[PDB]
Structure formats: C-alpha cells, structure tokens
4 protein chains.
Amino acid sequence: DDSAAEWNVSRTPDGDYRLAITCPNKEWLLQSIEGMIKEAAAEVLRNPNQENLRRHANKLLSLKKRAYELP
Amino acid sequence: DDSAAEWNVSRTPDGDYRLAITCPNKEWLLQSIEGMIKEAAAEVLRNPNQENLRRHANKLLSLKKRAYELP
Amino acid sequence: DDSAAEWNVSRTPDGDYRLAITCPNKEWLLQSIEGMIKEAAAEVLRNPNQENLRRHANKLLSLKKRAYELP
Amino acid sequence: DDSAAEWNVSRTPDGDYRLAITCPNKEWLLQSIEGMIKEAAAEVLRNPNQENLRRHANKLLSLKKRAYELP
C-alpha cells in the first residue's frame, strides 16, 4: 500500500477520466509527460481536424514545461 | 472554475511528485499511459539493475490494464 | 563486417543523413516507424508552421503504411 | 523515375525487413532511434526472456551511440 501510495485512475461523474499518479523522480515525471505528448501529437497529425486533440496535446506541452519549471 | 479544473502537478511530501490530469476519452488515457510506459521501459533497459524503475514501469503496465478495464 | 551487417547511420549526399536498419520481426519494424513518427509529431507540434516537418511526418505515415502492407 | 530515393522498406532475404530512411537533421535521426528503442524496450519488459529483443534494443542503443557521435 505504502509502495503504491497513489496511481489512481477512474471515470469522473462529470463525464471525464481522472488519473492521479506519482513518481519519486523528476525524470520519471518528465519522461511520462514526454511519452504521452508524443503519442498525442501523432494523433493530432492523424486527425488535423481534431481541435480537442490539438488543445490536449498543447496541454501536455504546457504540462511538460510546467514540470520542467517545477523545483 | 470551468477552464482547466484539473491537470495539476506538484511536489508531494510522501510521493515526491503528484500529477493529476484528465481526459474526455479513454483512448487518450490509454495512449498517454502507453507513452510513459515506453519511456520507463527505455530507462529499465539502460538500468536493468534498477528495481524501482521496473516497479514503476510495472505500475504503468497495471495502469494501462486498469484503463483498459475502465468503461 | 558481417557482425553488424546492417544498422548504419551516416551522411548521405541525397538526404543529408541516412539511416539503414533491419528487423526479423514484422512488429519490430512497425514499432520502429511508429517511434520516429511519434517524436516527429512532437516536433510538428512545436513547429506547426514547419511544412517540411509535416511532410516528414507524412513520410513516416506513408512508411508505416508501406510496412503495414508488406507481408 | 526516382522521386522516392530513400525511405525504403521491404522484405530482405538477408534481414527479413529492410528499412532505409533519411533526415536533414541529426537530431531527427537520434529521435527516430530513440522512438524505436522506446517501443522495443517496452517489448523487452514484456518479454525479458527474449534475447533477440534485448539484442535488438541494444542494437538501437548502439545505433543511438553511433548517431550521437555522427557529425
């Protein structure tokens, strides 16, 4: 239990999906964001008409920067 | 408070770093987890001796499975 | 020389840099192409106005399709 | 007659699958290798007993090193 601590993923009542994870390393977090943005970006290229995908990818881009700028 | 709502990342005392994001699609979440697992794996390949890295990657494997089972 | 056989990367007069690899698995090749497009996509996201990047990404998309069609 | 030039993928009798690509940036090639290594590593984690997978991943690591030194 203490080893897992977090890492929760579920369906929200608002109609969204909630994911809450943790990492004892800044590199792991940065790599995690980097991993998802790359896949996300690929989806955007496959679906140029997908605004939500672009905004989502942009959110990851912002998140990656946020984590990078995080102490 | 109806713009971002989620997508929070900060340093936790017991978890080091806490990331709480959201996605309006299960496919997006699945792709996101896949990205982090990929990077994690690359780290494990470089650090086969890193148990925590394997446990982290394993957590992503579990998370991916969890998201798959999610509605 | 037969030790490596393939897996070569150098400067090509016709393409600047040439990457030549091999894989005895259909999945490995598909995963390889998917890996590069994923990274390439991230570059396109960072440089949306980069036509050559978009074209490059398209080249990967085409390459992936070519590999998909391959027996 | 030769509009493709590069970006070739086919079945080689000497290597099963032959892939030859080009990029005007060394970074792109490095990222390309990184992409395949990431996916490959994930497969290695899924199949730790797969020597060819580990060797393949190592081939990517070696290629990554080669590209890193490549000016």
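The following paragraphs examine the structure supplied in this document.

About the cut-offs
Residues numbered from 1 in each chain as written, not as in the entry; some residues may be left out. Chains lettered and ligands numbered in written order. Heavy atoms only, no water. Helix = DSSP H or I, 4+ residues; strand = E, 2+ residues; numbered from the N terminus. Buried < 20%, exposed > 50% of the residue type's maximum accessible area, 1.4 Å probe, protein only. Contact = heavy atoms within 4.5 Å. Buried area = accessible area lost by both parts, 1.4 Å probe. Salt bridge = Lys/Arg side-chain N within 4 Å of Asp/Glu carboxyl O. Pairing = 2+ DSSP bridges. Axes fitted to C-alpha atoms, helices over the stretch in contact; angles between N-to-C directions. Parallel < 35°, antiparallel > 145°, perpendicular 65-115°, else oblique. Left-handed = near helix turned anticlockwise from the far one by under 90°. Nonpolar A, V, L, I, M, F, W, Y, C, P; charged D, E, K, R; others polar.

**Here we look at the environment of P24 of chain B**
Link 1 in the chain: Checked against the element boundaries, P24 of chain B lands in the loop between β2 (17-23) and α1 (26-46).
Link 2 in the chain: On the basis of relative accessibility, which here comes to 41%, the residue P24 of chain B falls in the partly exposed class.
Link 3 in the chain: In contact with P24 of chain B, other than residues within four places in its own chain, are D16, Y17 and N52 of chain A.

**Some points on the interface of chain C and chain D**
Link 1 in the chain: With 41 residues of chain C in contact, the opposing surface of chain D contributes 39 residues.
Link 2 in the chain: When residues of chain C are sorted by the area they lose upon contact with chain D, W7, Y17 and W28 of chain C head the list and together hold 20% of the total.
Link 3 in the chain: Our enumeration of links across chain C and chain D arrives at four salt bridges.
Link 4 in the chain: Taking the shortest distance from any N to any O, the salt bridge between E6 of chain D and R18 of chain C comes out at 2.7 Å.
Link 5 in the chain: Counting only elements with at least two residues in the side of chain C that touches chain D, the list comes to β1 (8-10), β2 (17-23), α1 (26-46) and α2 (51-69) of chain C.
Link 6 in the chain: The greatest single-element share of the side of chain C that touches chain D, amounting to twelve residues, is contributed by α1 of chain C.
Link 7 in the chain: In terms of strand pairing, β2 of chain C meets strand β2 (residues 16-23) of chain D through seven bridges, oriented antiparallel. By the bridge assignment for β2 of chain D, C23 of chain C is matched with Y17 of chain D.

**With respect to the packing of helix α1 (residues 26-46) of chain A against α1 of chain B**
Link 1 in the chain: Here α1 of chain A crosses α1 of chain B at 130°, and the two axes come no closer than 7 Å. Here α1 of chain B runs oblique to α1 of chain A, going by the angle between their axes. Crossing handedness for the pair α1 of chain A and α1 of chain B: right-handed. Here α1 of chain A contributes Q31, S32, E34, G35, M36, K38 and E39 of chain A to the contact with α1 of chain B, which in turn contributes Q31, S32, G35, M36, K38 and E39 of chain B.
Link 2 in the chain: Classifying every residue of the contact of α1 of chain A with α1 of chain B by side-chain character gives two nonpolar, six polar and five charged.

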